[PDB]
2 protein chains.
Amino acid sequence: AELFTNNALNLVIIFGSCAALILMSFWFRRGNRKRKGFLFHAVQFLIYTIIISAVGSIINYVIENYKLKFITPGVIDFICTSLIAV
Amino acid sequence: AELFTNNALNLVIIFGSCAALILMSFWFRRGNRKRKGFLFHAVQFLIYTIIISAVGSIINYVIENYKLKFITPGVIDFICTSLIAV
Ligand SMILES: CCCCCCCCCCCC
Ligand SMILES: CCCCCCCCCCCC
């Protein structure tokens, strides 16, 4: 409830990125004039990176603003780096 | 109102840079003795850099002097660096 005030831009940009991804998927599906090689993979990579960074920021804010017990900060950064590297 | 006292030179230099840009655009349009290659592009680049740096400074001052909630300092520096690099 009260946590949404400080993160609204984050969900806004997450939704915008997802909508842009769906729109460009449809754009590729229509006509398929492009080649789905390195550029489309790179686009997927960057959108994945930004969305997981946003999710990690949300987790950090929730942990730091609600309760610090049972969660160690920075470990979520490690998991995000691991996922993007994978 | 009260924030204009500490930023007056910034809007002054922004307006001066815009006026100089328009004046040099007109000067190029008159006679076009020059070649609009690397030098004019570099002039555009430097004026863009200085105006966005001024805007970022204004945003920083507004955030630090009005309310720190919902805005993370330094992210605007990241966005300015990203825009100038692009
Ligand atoms: C059909 C031709 C496709 C050519 C794709 C080139 C991809 C280059 C990737 C370079 C990665 C360093
Ligand atoms: C008509 C001749 C125009 C010559 C423009 C030279 C531009 C050099 C740029 C060097 C960038 C490193």
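Residues numbered from 1 in each chain as written, not as in the entry; some residues may be left out. Chains lettered and ligands numbered in written order. Part of a larger assembly, values for the part shown. Heavy atoms only, no water.

In its metadata, the entry names cryo-EM as the structure determination method and reports 2.2 Å as the resolution.

As a further point, take the overall build of chain A. Counting its secondary structure elements, chain A contains three helices and zero strands. Starting at the N terminus and walking to the C terminus, you meet the elements of chain A as α-α-α. If you line up chain A on its principal axes, its C-alpha atoms span 50 × 30 × 15 Å. Classification of the 86 residues of chain A by burial places 10% in the buried group. Taking as baseline every contact in chain A between residues at least 6 positions apart, the subset at least 24 positions apart corresponds to 68%. Entry remark: accessible area of chain A is about 6800 Å², with carbon and sulfur atoms responsible for 74%. (Helix = DSSP H or I, 4+ residues; strand = E, 2+ residues; numbered from the N terminus. Buried < 20%, exposed > 50% of the residue type's maximum accessible area, 1.4 Å probe, protein only. Contact = heavy atoms within 4.5 Å. Areas by Shrake-Rupley, 256 points an atom, 1.4 Å probe, with all protein chains shown as cover.)

If you add up the space inside the largest pocket, you get close to 1000 Å³. Lining the largest pocket are 27 residues, with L9, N10 and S57 of chain A together with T72 and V75 of chain B sitting closest to its centre. Counting residues per element, the ones that place at least two in the lining of the largest pocket are α1 (8-29), α2 (38-66) and α3 (75-85) of chain A together with α3 (75-85) of chain B. Per element, the largest residue contribution to the lining of the largest pocket is 10 residues, and it comes from α2 of chain A. Residue classes in the lining of the largest pocket are distributed as 16 nonpolar, nine polar and two charged. (1 Å grid on protein atoms, 1.4 Å probe; cavity = no way out; pocket = protein on both sides within 12 Å on 5 of 7 lines; lining within 4 Å. Points joined across faces, edges and corners; volume = space filled by probe spheres on them. Nonpolar A, V, L, I, M, F, W, Y, C, P; charged D, E, K, R; others polar.)

A few words on helix α2 (residues 38-66) of chain B. Residues and elements named next belong to chain B. Given a rise of 1.5 Å per residue, 29 residues ought to cover 42 Å, and the 42 Å separating the end C-alpha atoms of α2 matches this to within 8%. Listed in full, the buried residues belonging to α2 are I47, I52, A54, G56, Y61 and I63. Among the structural elements, α1 (8-29) and α3 are those in contact with the buried residues of α2. (Expected span 1.5 Å × (residues − 1).)

A few words on the packing of aromatic side chains. Residues and elements named next belong to chain B. Counting across every chain of the model gives zero aromatic pairs over all chains. Of note, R29 hangs over the ring of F26, and the distance from its end group to the ring centre comes to 3.6 Å. Stacked on the ring of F70, the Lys or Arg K69 has its end atom at 4.6 Å from the ring centre. (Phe/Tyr/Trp six-rings, centres within 6.5 Å; stacked < 30°, edge-to-face > 60°. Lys NZ or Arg CZ within 6 Å of the ring centre and 35° of its normal.)

Taken together, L9 of chain A together with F70 and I71 of chain B make up a surface patch of nonpolar side chains, about 230 Å² in accessible area. Tracing the backbone shows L9 of chain A in helix α1. (Patch = residues over 30% accessible without salt bridge, like charges linked within 9 Å, V, L, I, M, F, W, Y side chains within 5 Å. Salt bridge = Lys/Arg side-chain N within 4 Å of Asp/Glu carboxyl O.)

All names here are of chain A. With respect to the helices and strands, the residue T5 is situated in the segment before α1. Given the relative accessible area of 38%, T5 is considered partly exposed. Linking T5 and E64, residues 59 residues apart in sequence, is a C-alpha distance of 15 Å.

By the secondary structure assignment, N7 of chain A is in the segment before α1. Judged by relative accessible area, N7 of chain A falls into the buried class, the value being 10%. Not counting residues up to four positions away in its chain, the partners in contact with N7 of chain A are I58 and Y61 of chain A together with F70 of chain B.

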